[PDB]
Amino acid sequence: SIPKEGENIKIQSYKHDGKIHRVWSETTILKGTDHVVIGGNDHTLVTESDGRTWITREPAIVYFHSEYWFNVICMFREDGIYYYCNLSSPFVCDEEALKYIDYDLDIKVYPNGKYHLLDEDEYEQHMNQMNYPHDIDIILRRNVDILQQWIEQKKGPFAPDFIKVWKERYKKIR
C-alpha cells in the first residue's frame, strides 16, 4: 500500500485511544517508498475532532517515516519556512488514508532554525488518561532527542536541498 507519485491521499491523525484527532483531506504524493512518504498540500480541507472544517491557505510539504516516531510539516509562509513536527507512531498507509497516532509532544522550528519543544504538559496528562505503556514513553523521549539532532544537522526534511527539490516538484505537479 505504497502510495504512488501523483496520487491524492487523506492523512488521518489518531489519539492512542483510537479517536480521530485531525484529518487533512488532500495531499499530492511526491515520493513513496517502503520507508518514506513525501507529499504536498495547498487549500486542503482540515477536520478537527469536533467535526469543524478549515482550509489551509499556504502550501506545505509533509514527510512521513516508517521507522521514526515523528512526522514533519514544512509550511511555506511569507517570512520563510516553518516546520511543525509531531511526535507520533510511524505511519501505515492503506486505500483509505495514511494514518498515524499523535503523541501530544510537538516541535516548532522557526525560519532561522531555532526549535521549541511544545505540549510537555499535555503529554503528561494524556499519558496518564490513556495509560501509555512505559516503552512508548521511552521511545517518544528518545525520538524527541533524535528529532532535535536532525534539526541541528539540517538532515532529512530540515535540509535546504530537500526543500529546494520538493518545493519545485510540488509547484510543478500542482
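A residue's number is simply how far along the shown sequence it sits, counting from 1.
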query = Which is higher in the entry, the mean Cα B factor of 71 to 79 or that of 94 to 102?
reply = 71 to 79
note = Mean B factor on CA atoms, stretches 48 to 56 and 29 to 37, record says higher is 29 to 37
note = When the entry's CA B-factors for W24, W166, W150, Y14 are compared, the highest one belongs to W166
request  = Report the third (lowest, middle or highest) to which the CA temperature factor of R141 belongs, ranking only the modelled residues of the same chain.
outcome  = middle
